[PDB]
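Counting starts at 1 for both ligands and their atoms, in listed order. Note that the numbering runs from 1 along the sequence shown for the chain. Side chains included, hydrogens not; waters and symmetry mates left out as well; all remaining heavy atoms used.
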Amino acid sequence: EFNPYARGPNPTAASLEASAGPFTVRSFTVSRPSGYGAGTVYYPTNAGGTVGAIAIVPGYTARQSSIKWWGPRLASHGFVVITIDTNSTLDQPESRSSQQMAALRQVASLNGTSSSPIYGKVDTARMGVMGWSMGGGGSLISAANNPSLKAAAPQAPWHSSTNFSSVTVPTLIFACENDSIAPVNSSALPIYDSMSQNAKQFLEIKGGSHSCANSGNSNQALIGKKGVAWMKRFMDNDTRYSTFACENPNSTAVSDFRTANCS
Ligand SMILES: *[C@@H]1O[C@H](CO)[C@@H](O)[C@H](O)[C@H]1NC(C)=O
Ligand SMILES: *[C@@H]1O[C@H](CO)[C@@H](O)[C@H](O)[C@H]1NC(C)=O
Ligand SMILES: *[C@@H]1O[C@H](CO)[C@@H](O)[C@H](O)[C@H]1NC(C)=O
Ligand SMILES: *[C@@H]1O[C@H](CO)[C@@H](O)[C@H](O)[C@H]1NC(C)=O
């Protein structure tokens, strides 16, 4: 069927590995954050139609800088992306999930706000969640509590419980092989293995420390391709991205790859 959510040119490995997607990106600081500490909104100026919204949360002690690279990278492919700072840098996963969802709520509110740069740019029914470490755990809590979310793609996630068997949202877990903060064997892989009801994927970056998917990482072509492909496939229902979303990269930079129920 004609997909009313399809945006942008037909993807290629090259187009998805590039630093920038097809759309021009602008950004603004949120003047009065509603339910979180601070936020930057990244948006395409020329997507050609309304686009989904993604909210991204940092890890413990961390700020927008740790996750900022996702803002332009995703927005340039046709998303409105909010990177947040938490109320406290020492907020835990449940609080991070609440704040992530408050950020999505504010982006949806701004779609209806005539003074906003994202006035009329958002499809409030199509949302995604991403984040690092405790903000990754928070993303999985967000998905568990809000199953109408269309996609989740946390990185090096941690939560006090690894049991996300209730999650029905398509979930891509970025993991870091040599993580010594939230070891893969005790955190990311148990989380991945808990999820039985969803499309899901596990992508472990070989030799990576806990920060392996953060701003300034040396694998932006692969990690950015996978994140954009997952969000395109599931937030936009865009089957042009089915092979990019589901494929094993068969990459010497990937130490572990798993996927299930992917189409
Ligand atoms: C974040 O702080 C705002 C402002 O005080 C508040 O409305 C919100 O409830 C806080 N969120 C959490 C999860 O503590
Ligand atoms: C966002 O606003 C635009 C223009 O007013 C509108 O066409 C669109 O439906 C809105 N989004 C949602 C999800 O209602
Ligand atoms: C996770 O929680 C579900 C729901 O209680 C339970 O049936 C299951 O045993 C737990 N799963 C794991 C993977 O420990
Ligand atoms: C991985 O290899 C399989 C089997 O040869 C192939 O179907 C798939 O395209 C490969 N992935 C990439 C990125 O080429």
Apply side-chain hydrogen bond (donor to acceptor under 3.5 Å, both in side chains) to the pair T168 and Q197, showing each step before the final yes or no. CA-CA 5 Å; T168 51; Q197 299 186 77; over 6 Å; no
When you measure from atom 11 (N) of ligand 2 to the protein, is at least one non-hydrogen atom found at a distance under 4.0 Å? yes
Is any heavy atom of the protein nearer than 4.0 Å to atom 2 (O) of ligand 2? yes
Please write down residue, atom name and distance for the protein heavy atom closest to [atom].
{"atom": "atom 7 (O) of ligand 1", "value": "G35 CA, 4.0 Å"}
{"atom": "atom 13 (C) of ligand 1", "value": "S95 OG, 3.4 Å"}
{"atom": "atom 4 (C) of ligand 3", "value": "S165 OG, 4.0 Å"}
{"atom": "atom 9 (O) of ligand 2", "value": "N111 ND2, 4.9 Å"}
{"atom": "atom 5 (O) of ligand 1", "value": "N87 ND2, 4.8 Å"}
{"atom": "atom 14 (O) of ligand 2", "value": "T124 OG1, 4.2 Å"}

If you group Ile, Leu, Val, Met, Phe, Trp and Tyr by side-chain heavy-atom gaps below 4.5 Å, do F23 and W69 land in one group? no
Taking all non-hydrogen atoms of both residues into account, name the closest pair between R126 and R7 and its distance. NH2-NH2, 4.1 Å
Atom of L203, atom of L172 and distance for their closest heavy-atom approach: CB-CD1, 4.4 Å
Show which atoms of ligand 2 fall inside a sub-4.0 Å distance from at least one heavy-atom site of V122. 1 (C), 10 (C), 11 (N), 12 (C), 13 (C)
Short list, please: which atoms of ligand 2 are under 4.0 Å from a heavy atom of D123? 13 (C)
For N3 and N237, indicate whether the former's side chain and the latter's backbone hold a donor-acceptor pair under 3.5 Å. yes
Please tell me whether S165 and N163 have a donor and an acceptor in their side chains that are separated by less than 3.5 angstrom. yes
Over 12 non-hydrogen atoms of neighbours within 6.0 angstrom of CZ in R63: no
Qualifying ring-ring contact (aromatic ring centres under 6.0 Å, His included) pairs with a residue from residues 87-145, counting only residues at least two apart or across chains: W132-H210
Under 4.0 Å from a heavy atom of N163: give me the atoms of ligand 3 that qualify, with their elements. 1 (C), 2 (O), 3 (C), 8 (C), 10 (C), 11 (N), 12 (C), 14 (O)
